[PDB]
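> Protein chains in written order, with the numbering used here: chain E, 68 to 398; chain L, 159 to 597; chain W, 6 to 433; chain G, 155 to 208.
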Amino acid sequence: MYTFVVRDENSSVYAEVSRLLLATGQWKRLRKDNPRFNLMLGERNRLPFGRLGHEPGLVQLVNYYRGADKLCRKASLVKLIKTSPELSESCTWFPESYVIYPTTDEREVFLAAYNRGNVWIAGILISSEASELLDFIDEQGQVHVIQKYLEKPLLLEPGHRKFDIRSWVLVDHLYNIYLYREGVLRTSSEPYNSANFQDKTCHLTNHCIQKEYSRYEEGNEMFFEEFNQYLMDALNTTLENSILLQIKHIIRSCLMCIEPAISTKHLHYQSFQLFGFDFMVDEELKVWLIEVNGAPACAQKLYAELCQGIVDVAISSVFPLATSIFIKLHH
Amino acid sequence: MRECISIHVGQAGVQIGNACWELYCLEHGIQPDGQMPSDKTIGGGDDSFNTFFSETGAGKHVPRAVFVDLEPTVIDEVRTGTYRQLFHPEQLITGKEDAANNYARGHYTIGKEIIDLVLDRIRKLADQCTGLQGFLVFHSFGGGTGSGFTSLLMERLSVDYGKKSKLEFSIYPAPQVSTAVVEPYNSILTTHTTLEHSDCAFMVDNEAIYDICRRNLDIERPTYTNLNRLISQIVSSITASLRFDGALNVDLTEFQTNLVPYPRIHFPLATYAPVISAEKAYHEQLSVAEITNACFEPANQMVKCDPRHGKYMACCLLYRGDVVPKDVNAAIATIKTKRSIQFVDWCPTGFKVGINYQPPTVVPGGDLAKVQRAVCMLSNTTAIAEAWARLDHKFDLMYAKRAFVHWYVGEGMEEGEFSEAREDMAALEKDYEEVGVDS
Amino acid sequence: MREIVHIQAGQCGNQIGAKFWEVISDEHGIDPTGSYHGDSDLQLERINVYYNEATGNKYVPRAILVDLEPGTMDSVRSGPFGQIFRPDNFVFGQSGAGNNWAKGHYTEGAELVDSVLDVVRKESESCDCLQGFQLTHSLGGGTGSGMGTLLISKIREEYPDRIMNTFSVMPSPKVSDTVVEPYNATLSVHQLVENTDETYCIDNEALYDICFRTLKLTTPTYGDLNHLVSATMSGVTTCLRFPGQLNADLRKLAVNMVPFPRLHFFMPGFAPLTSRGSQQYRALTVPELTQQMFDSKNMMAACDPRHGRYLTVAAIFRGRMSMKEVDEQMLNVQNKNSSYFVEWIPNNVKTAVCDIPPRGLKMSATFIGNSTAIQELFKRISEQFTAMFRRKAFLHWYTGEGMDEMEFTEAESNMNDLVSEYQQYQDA
Amino acid sequence: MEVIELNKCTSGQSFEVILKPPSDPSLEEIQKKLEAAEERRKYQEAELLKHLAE
Ligand SMILES: CC[C@]1(O)C[C@@H]2CN(CCc3c([nH]c4ccccc34)[C@@](C(=O)OC)(c3cc4c(cc3OC)N(C)[C@H]3[C@@](O)(C(=O)OC)[C@H](OC(C)=O)[C@]5(CC)C=CCN6CC[C@]43[C@@H]65)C2)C1
Ligand SMILES: Nc1nc2c(ncn2[C@@H]2O[C@H](COP(=O)(O)OP(=O)(O)OP(=O)(O)O)[C@@H](O)[C@H]2O)c(=O)[nH]1
Ligand SMILES: Nc1nc2c(ncn2[C@@H]2O[C@H](COP(=O)(O)OP(=O)(O)O)[C@@H](O)[C@H]2O)c(=O)[nH]1
Ligand SMILES: [Ca+2]
Ligand SMILES: [Mg+2]
Ligand SMILES: [Mg+2]
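(1) Can you determine whether any heavy atom of ligand 5 sits closer than 8 Å to the C-beta of L:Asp256, and answer yes or no?
(2) Quick check: is the beta carbon of E:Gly109 nearer than 9 Å to any beta carbon in chain L?
(3) Would you check whether ligand 6 has a heavy atom nearer than 8 Å to the C-beta of W:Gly146?
(4) List, in order along the chain, the chain C residues whose C-beta lies closer than 8 Å to that of G:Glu192?
(5) Thinking E:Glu122 and E:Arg98 are a contact (beta carbons under 8 Å), I'd like their distance in whole angstroms, please.
(6) Flag W:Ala370 as yes when its Cβ comes closer than 8 Å to any non-hydrogen atom of ligand 3, and as no otherwise.
(7) Which of the three DSSP states, helix, strand or coil, is assigned to W:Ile361?
(8) How do the segment 326-333 of chain L and the segment 291-301 of chain L stand: do at least 3 beta-carbon pairs fall below 8 Å, yes or no?
(9) Excluding sequence positions up to five away, which residues of its chain have a Cβ less than 8 Å from the Cβ of E:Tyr259?
(10) At a Cβ threshold of 9 Å, is E:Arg118 touching chain L?
(11) For W:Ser181 and W:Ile379, what's the separation of their Cα atoms in angstroms?
(12) So G:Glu159 is in the beta strand (DSSP E); what residue range does that whole segment cover?
(13) Does ligand 4 have even one heavy atom less than 8 Å from the beta-carbon of L:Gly187?
(14) For the segment 156-182 of chain W, list every residue whose C-beta sits within 8 Å of some C-beta in chain G, in sequence order.
(15) Hey, quick one: how far does the beta strand (DSSP E) through L:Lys510 stretch, first residue to last?
(16) Tell me, which residues are paired with W:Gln139 by DSSP?
(17) Since I believe W:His142 is in contact with W:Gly324 (beta carbons under 8 Å), could you give me their beta-carbon distance rounded to a whole number of angstroms?
(18) Classify L:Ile490 as helix, strand or coil using the three-state DSSP reduction.
(19) List, in order along the chain, the chain E residues whose C-beta lies closer than 8 Å to that of L:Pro456?
(20) So, at 7 Å on beta carbons, what are the nonlocal neighbours of E:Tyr131 in its own chain, with the 5 sequence-adjacent residues on each side left out?
(21) Whole angstroms is fine: what's the gap from E:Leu125's alpha carbon to L:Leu555's?
(22) For W:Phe399, is the classification buried or exposed, using 16 other Cβ atoms within 10 angstroms of its Cβ as the cut-off for buried?
(23) Indicate the three-state DSSP secondary structure (helix, strand or coil) for L:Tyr470 in the structure shown.
(24) What residues of chain W sit near E:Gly124, judged by a beta carbon separation below 9 Å?
(25) Just checking W:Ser181 against ligand 1 - is the residue's beta carbon closer than 8 Å to any of the ligand's heavy atoms?
(26) Can you have a look at E:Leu241 and say buried or exposed, based on whether 16 or more other CB atoms are within 10 angstroms of its CB?
(27) W:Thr356 and W:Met335 look like a contact to me (Cβ under 8 Å); what is the Cβ gap, rounded to whole Å?
(28) Look at L:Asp376 and L:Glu437 and say whether their C-beta atoms are less than 9 Å apart.
(29) Okay, do the segment 57-76 of chain W and the segment 147-158 of chain W touch, 3+ Cβ pairs below 8 Å being the bar?
(30) Regarding L:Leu228 and ligand 5, is the C-beta to nearest heavy atom distance less than 8 Å?
(31) Note down the Cα distance separating W:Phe270 from W:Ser343, rounded to an integer number of angstroms.
(32) Tell me which same chain residues have a C-beta within less than 7 Å of the C-beta of L:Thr303, skipping the five on either side of it?
(33) So who's on the other strand from E:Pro220, going by DSSP bridges?
(34) Strictly below 9 Å CB to CB, what residues from chain W border L:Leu555?
(35) Enumerated in chain order, which unbroken segments of the alpha helix (DSSP H) with a length of 4 residues or greater are wholly contained in the segment 493-573 of chain L?
(36) So which residues on chain W does G:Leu202 lean against when the C-beta distance must stay under 7 Å?
Here's what the structure looks like:
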């Protein structure tokens with residue numbers, strides 16, 4: 068009988084995972100601050116990693132990687148890509164980006180490469196005239212970052228509409244990197260306007276902001292079945308060749324970059340984590356990394372399969388019980 | 159030449175002290191009866207080793223040490239041990255009943271009946287010094303005497319020796335070998351009260367030593383004897399520069415200079431390598447690069463924590479045996495690329511290094527294999543704060559229900575010293591946090 | 006030497022007292038005449054905790070024998086180890102206490118108490134470093150109960166800074182049929198709550214169940230019951246009598262076991278359970294020991310541990326066995342049933358091992374639990390008490406000795422306070 | 155990268171290797187605390203002996 072605790076009640080993914088564990092009959096849930104647990108499904112912020120792995124007779128595992136925040140904050144990711152030689156300023160697949168504080172950063176060198184196609188992004192806002200946006204941040208109290216907005220996105224037909232791709236990746240205690248074979252396109256429901264940019268409607272792809280200010284596919288979510296079919300019929304390529312290889316590459320690069328810093332290989336507790344990578348595909352079927360989310364939600368149709376895969380690969384490999392849905396990315 | 163006096167307090171301090179003093183003797187060629195044939199100046203000296211041993215006209219080299227425990231059992235062993243002739247009766251002090259794992263009893267009640275005696279014995283050794291540099295103090299966090307008496311002593315020592323350095327060797331409590339549920343209480347009380355009086359304290363988590371013993375020595379259920387022989391190796395590595403010819407860490411003050419920029423943050427992490435089983439039918443001997451790299455493995459730390467997620471303020475490498483600077487410098491640049499080693503901005507990313515050619519001395523019949531080369535790293539990293547977080551959370555769990563508090567109050571302590579002590583530790587956790595937050 | 010002074014009072018007190026001294030005399034290699042005949046020097050190392058040493062190199066139990074009638078005193082004298090006790094330490098009367106707490110505590114008892122205290126004082130002024138006292142007595146009768154608790158109050162008055170420890174036998178209508186026992190018990194529990202540091206609750210209800218249901222003794226005797234009491238008393242004092250790191254003196258035990266002054270009533274447990282003469286064939290495994298010692302059926306108090314939570318536990322393993330496996334099996338119990346140990350007292354389970362096994366056994370384990378489930382014991386007594394007291398039934402036996410009923414109202418109140426206080430911490 | 159302050163002897167050597175540059179109470183007051191705690195300890199016993207007297 069394995070034991071676990073729940074310290075993030077807000078998570079929908081690990082809601083399902085705890086459901087799946089209790090239903091096995093070889094797990095039992097404890098009170099939140101009962102220390103004698105095998106598994107911790109931890110809080111999103113200020114997780115006490117310092118207190119893990121000091122329980123004699125307990126092998127302990129936690130669903131987060133300490134230090135992975137450096138990949139899952141925008142400021143931190145820019146910083147990590149610009150100063151990490153594994154990724155380099157020679158990084159073909161991340162949009163030009165600068166970190167800026169509201170009046171150790173680079174507010175200066177932002178305008179320097181400016182006055183040399185000038186359209187950028189910054190509760191958001193887009194523009195081509197820098198001077199104004201730099202006040203948008205000034206007003207606000209958080210460190211905002213700015214990057215070149217992608218002028219020419221790949222636009223779906225029928226509709227002339229832009230999208231982003233979300234892929235789900237699982238990294239286990241051995242630092243095997245597993246890509247869920249199912250990803251999702253979060254689509255814009257209304258057409259794409261190249262003219263005046265400052266309208267948060269057909270440029271922002273995120274889900275909730277389209278259940279509001281906005282048919283073709285259900286819930287503006289198109290799955291790999293569909294999108295692969297489209298690519299074959301309109302562009303005569305496959306999802307795999309024109310896109311996934313680039314996505315598999317970027318994922319490999321990012322997570323191998325930080326492995327030395329967060330690996331729990333020789334540590335007294337073990338970590339695994341679920342990431343949500345978000346990408347953009349442009350006109351030339353070139354793929355771009357937008358953000359890495361450390362506490363991702365899952366698409367509704369898929370919860371059952373993904374959460375099942377989490378128990379199989381991340382949890383039960385450490386805690387055995389009584390084809391695969393992932394693509395192992397080798398290294 | 160300038161002397162140091164060692165003070166061993168409570169059971170942990172005393173048994174560790176016997177391990178260290180036994181190990182010192184084997185390193186300097188001092189026999190159990192106190193005779194040191196190698197020593198050609200009889201009845202006196204200003205050699206480096208004289209910092210730890212005084213001499214008699216009869217050729218006796220006797221430790222500059224005092225042992226103090228509120229109960230006689232443990233020190234009685236010393237009084238009858240194989241090194242009984244080493245010490246003279248005046249430096250072995252005992253009481254009748256102990257502090258019963260109660261800090262208040264060690265500090266206030268039973269402490270007051272013995273503090274002036276201890277200080278008088280300490281005065282006697284001090285007067286025999288031509289240039290006393292200060293004190294090394296050995297004790298547990300968890301015992302009544304180790305926690306309560308020690309903090310009493312430490313305060314009095316600042317009064318009677320306002321200008322001397324005080325170093326600590328502190329045993330931090332682990333359930334696997336601990337003996338009171340109340341040890342987190344005692345740990346936070348003594349840390350609070352001793353903090354302003356200690357220049358530099360080396361913390362040893364029994365948990366860390368227990369597991370190094372299990373894993374690297376093949377000891378299924380480590381005893382204190384096992385733990386203590388390993389601890390004396392680390393202690394010896396740390397004090398070697400005081401007892402031998404050299405130019406690094408040659409006086410007590412230099413420990414603080416090299417390791418402690420911030421007074422309150424005076425808890426260096428020690429990491430030791432290599433630890434190899436003597437029952438092992440020969441181990442492929444490790445290189446400079448290999449034992450140096452091992453210094454950045456949590457599993458070889460005196461405290462389990464993760465220095466990756468903190469910053470360094472200072473780092474010293476102490477080698478014993480077959481080591482020359484070139485192989486060291488070449489071990490470092492390799493590591494500096496393989497590992498994430500982040501010093502604070504207001505700090506040079508760098509290592510002070512010390513090599514002593516005498517390889518580690520091991521106790522005959524002990525568990526440790528002899529090796530041609532070893533290293534002890536002392537790194538002041540913010541990561542050690544993890545052990546304060548652990549300790550403080552256990553304190554909070556019990557204190558919220560006032561569990562066991564009546565035992566302290568019954569000894570004359572006020573509830574207020576609990577909260578005050580915890581608040582001080584809350585401030586100490588925040589100081590570490592400030593110092594280590596690029597991320 | 007950190008001496009303990011042992012006092013035994015009344016019939017039950019002296020019978021379990023005598024068997025305790027007989028059992029540990031054997032373990033320490035002492036014989037009926039007070040001569041050592043043991044192998045290990047391990048037996049003689051802390052021998053002075055319980056025994057005084059004279060010239061003739063004899064060992065005399067630091068034990069005082071108290072009763073208001075001569076009966077059981079003569080019984081002890083002719084008993085197997087009758088001759089080891091200091092003759093001047095037999096202190097007895099002629100009246101008896103008639104199963105009446107008031108007589109033990111206020112009238113007959115008061116007449117005898119001072120001569121008892123003289124012998125205590127003699128034994129105490131002799132000690133290098135006196136730990137404190139232990140008393141055996143029942144709570145259902147008159148002498149152990151009433152006079153027993155009087156002695157505790159007077160001893161505490163002369164030695165307020167010493168530990169007071171008792172082995173207290175609780176009455177059960179499964180074993181006896183004297184109708185006032187719940188009166189005597191409640192009056193005594195009130196005393197014990199205020200005046201002892203540690204009390205082992207030895208429940209004749211649980212002793213009966215073990216003997217009759219588990220050991221299949223269809224005509225159980227006090228001899229059978231006491232076989233279990235003596236095994237448990239040897240077990241819980243092991244860490245006092247042999248070299249060891251944990252709970253090695255009465256105060257350190259109290260500091261580890263007592264988070265709140267009033268909540269100092271322990272549930273003892275023992276494994277394996279055996280009858281006298283029931284020869285042991287297969288020694289238990291370490292696993293078996295551990296499961297059993299925590300099993301409700303092995304508790305010497307008739308309380309279901311699953312109905313409460315442990316504040317603190319001491320576990321003592323005896324015999325040659327793997328210290329590694331003991332550690333592993335003890336962690337397993339806590340890791341597997343962790344909801345039954347309160348979360349706000351970290352690492353509240355402590356484990357000791359002693360290589361010397363007890364007579365007849367290769368492997369034994371003794372459990373000492375501070376469980377909130379002990380409230381069931383006090384609730385049981387309390388209902389019995391109130392069923393009579395609300396009609397003032399049999400009270401004249403007490404008022405005739407000078408007591409008021411207000412003193413009954415208070416004991417009842419205090420014991421119900423104690424129960425609810427356990428209930429506070431059970432939830433928390 | 156850069157080696158500094160190399161000290162040698164027959165016992166061994168010391169040096170510093172740099173990889174990068176940057177970017178109390180009196181004896182009197184103690185008595186006062188001890189005596190006070192002992193005062194409470196004495197007051198506590200007094201109360202107790204007193205209760206035992208009733
Ligand atoms: C361990 C001490 C002990 O020997 C334990 C029991 C009682 N006594 C004295 C000896 C004794 C026992 N029975 C006796 C009958 C006549 C004379 C003497 C006895 C004793 C026994 O060995 O039985 C075979 C015994 C007694 C009892 C006994 C069990 C028992 O031994 C098995 N009881 C459980 C009670 C008793 O009240 C009961 O069964 O509770 C419902 C039980 O009632 C019935 C219906 O049998 C009974 C029987 C005499 C009746 C009235 C009150 N007392 C209180 C205790 C109880 C008893 C055993 C002391
Ligand atoms: N490493 C090591 N730890 C020890 C040793 N002795 C005790 N400890 C640890 O120290 C703590 C117990 O405190 P002790 O030093 O034994 O107690 P004390 O200082 O004598 O104080 P009192 O006995 O209460 O008067 C526990 O955490 C023990 O595990 C030892 O010899 N070596
Ligand atoms: N376990 C046990 N209980 C006993 C023994 N003798 C009496 N009792 C119990 O103690 C209570 C009777 O008190 P008793 O000691 O005889 O009265 P006292 O002499 O006035 O102290 C009842 O609960 C009896 O069942 C005994 O030898 N062993
Ligand atoms: Ca000399
Ligand atoms: Mg001791
Ligand atoms: Mg009777």
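Cβ atoms here follow ideal geometry from the backbone N, Cα and C, with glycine treated the same way.
Straight from the coordinates:
(1) Start at 1 with the first residue of the second sequence, and residue 256 of chain L comes out as number 98. L:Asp256 Cβ: within cutoff of ligand 5.
(2) For this step, residue 109 of chain E is matched to residue 42 along the first sequence. Chain L contact via Cβ: absent.
(3) In the third sequence, the residue the question calls residue 146 of chain W occupies position 141. Using a cutoff of 8 Å, the CB of W:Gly146 counts as near ligand 6, since one of the ligand's heavy atoms is closer than that.
(4) The question asks about chain C, but that chain is absent: this structure's protein chains are E, L, W and G.
(5) What you label residue 122 of chain E is simply residue 55 of the first sequence in a count that begins at 1. What you label residue 98 of chain E is simply residue 31 of the first sequence in a count that begins at 1. Incorrect: roughly 15 Å between the Cβ atoms, too far for contact.
(6) Position 365 of the third sequence, counting from 1, holds the residue named residue 370 of chain W. The beta carbon of W:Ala370 sits no closer than 8 Å to any heavy atom of ligand 3.
(7) Here residue 361 of chain W is taken as the residue at index 356 of the third sequence, counted from 1. In the structure shown, W:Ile361 falls within a coil segment according to DSSP collapsed to helix, strand and coil.
(8) The answer is yes - the segment 291-301 of chain L touches the segment 326-333 of chain L, with three or more Cβ pairs under 8 Å.
(9) Within the first sequence, the letter at position 192 stands for residue 259 of chain E. These residues qualify, in order along the chain: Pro220, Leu222, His227, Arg228, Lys229, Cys269 and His270.
(10) The count along the first sequence starts at 1 and reaches residue 118 of chain E at position 51. Chain L contact via Cβ: present.
(11) The residue labelled residue 181 of chain W in the question sits at position 176 within the third sequence. The residue labelled residue 379 of chain W in the question sits at position 374 within the third sequence. Each residue's Cα considered, the two are about 21 Å apart.
(12) Taking the first residue of the fourth sequence as 1, we reach residue 159 of chain G at position 5. Boundaries of the beta strand (DSSP E) around G:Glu159: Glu156 to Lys162.
(13) Locating residue 187 of chain L in the second sequence gives position 29, where the first residue counts as 1. Outside the cutoff, so no.
(14) Per Cβ criterion, the list reads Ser158, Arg161, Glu162, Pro165 and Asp166.
(15) Taking the first residue of the second sequence as position 1, residue 510 of chain L is located at position 352. Its beta strand (DSSP E) spans residues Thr507 to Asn514.
(16) Here residue 139 of chain W corresponds to residue number 134 of the third sequence, with the count starting at 1. DSSP links W:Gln139 through a beta bridge to W:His11 and W:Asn170.
(17) As a working mapping, residue 324 of chain W is identified with position 319 in the third sequence. As a working mapping, residue 142 of chain W is identified with position 137 in the third sequence. Taking the Cβ atoms as the reference, W:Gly324 lies roughly 31 Å from W:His142, outside the contact range of under 8 Å.
(18) Position 332 of the second sequence holds residue 490 of chain L. Of the three classes helix, strand and coil, the one that applies to L:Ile490 here is helix, per DSSP.
(19) Position 298 of the second sequence, counted from the first residue, corresponds to residue 456 of chain L. For L:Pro456, the chain E residues whose Cβ falls inside 8 Å of its Cβ are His333, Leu334 and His335, in order along the chain.
(20) Indexing the first sequence from 1 puts residue 131 of chain E at position 64. Once the five neighbours on either side are set aside, the close Cβ partners of E:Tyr131 are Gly109, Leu114, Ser338 and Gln340.
(21) Translated into the one-based positions of the first sequence, residue 125 of chain E becomes position 58. Translated into the one-based positions of the second sequence, residue 555 of chain L becomes position 397. One C-alpha to the other measures close to 20 Å.
(22) On the third sequence, residue 399 of chain W is found 394 positions in, with the first residue counted as 1. Sixteen is the threshold: since fewer than 16 other Cβ atoms of the shown chains lie within 10 Å of the Cβ of W:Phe399, the residue is exposed.
(23) As a position in the second sequence, residue 470 of chain L is number 312, starting the count at 1. In the structure shown, L:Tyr470 adopts extended strand secondary structure according to DSSP, grouped into three states.
(24) Within the first sequence, residue 124 of chain E is the residue found at index 57, counting from 1. Going along chain W in sequence order, the residues near E:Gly124 (Cβ under 9 Å) are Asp332, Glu333, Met335, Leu336, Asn337, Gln339 and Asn340.
(25) On the third sequence, residue 181 of chain W is found 176 positions in, with the first residue counted as 1. For W:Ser181, the distance from the CB to the nearest heavy atom of ligand 1 is below 8 Å.
(26) In the first sequence, the residue the question calls residue 241 of chain E occupies position 174. Classification for E:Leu241: exposed.
(27) Along the third sequence, one-based indexing puts residue 356 of chain W at 351. Along the third sequence, one-based indexing puts residue 335 of chain W at 330. Between W:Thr356 and W:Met335 a beta carbon distance of about 5 Å is seen, short of the 8 Å cut, so the two are scored as contacting.
(28) By one-based count along the second sequence, residue 376 of chain L stands at place 218. By one-based count along the second sequence, residue 437 of chain L stands at place 279. The beta carbons of L:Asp376 and L:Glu437 sit closer together than 9 Å.
(29) Proximity of the segment 57-76 of chain W to the segment 147-158 of chain W meets the contact definition, three or more beta-carbon pairs being nearer than 8 Å.
(30) Residue 228 of chain L sits at position 70 when you count from the first residue of the second sequence. L:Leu228: yes, Cβ under 8 Å from ligand 5.
(31) As a first step, residue 270 of chain W is located in the third sequence; it is residue number 265 there, counting from the start. As a first step, residue 343 of chain W is located in the third sequence; it is residue number 338 there, counting from the start. Each residue's alpha carbon lies about 22 Å from the other.
(32) Position 145 of the second sequence holds residue 303 of chain L. Answer for L:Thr303: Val167, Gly168, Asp227, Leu228, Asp256, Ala257 and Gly264, listed in chain order.
(33) Looking up residue 220 of chain E in the first sequence gives position 153. Under DSSP, E:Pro220 shares a beta bridge with E:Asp349.
(34) Along the second sequence, read from residue 1 onward, the residue named residue 555 of chain L stands at position 397. Within chain W, the residues near L:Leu555 are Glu348, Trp349, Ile350 and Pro351.
(35) As for any alpha helix (DSSP H) of minimum length 4 sitting wholly inside the segment 493-573 of chain L, the runs are 543-557 and 563-567, ordered along the chain.
(36) The residue labelled residue 202 of chain G in the question sits at position 48 within the fourth sequence. Within chain W, the residues near G:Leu202 are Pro165.
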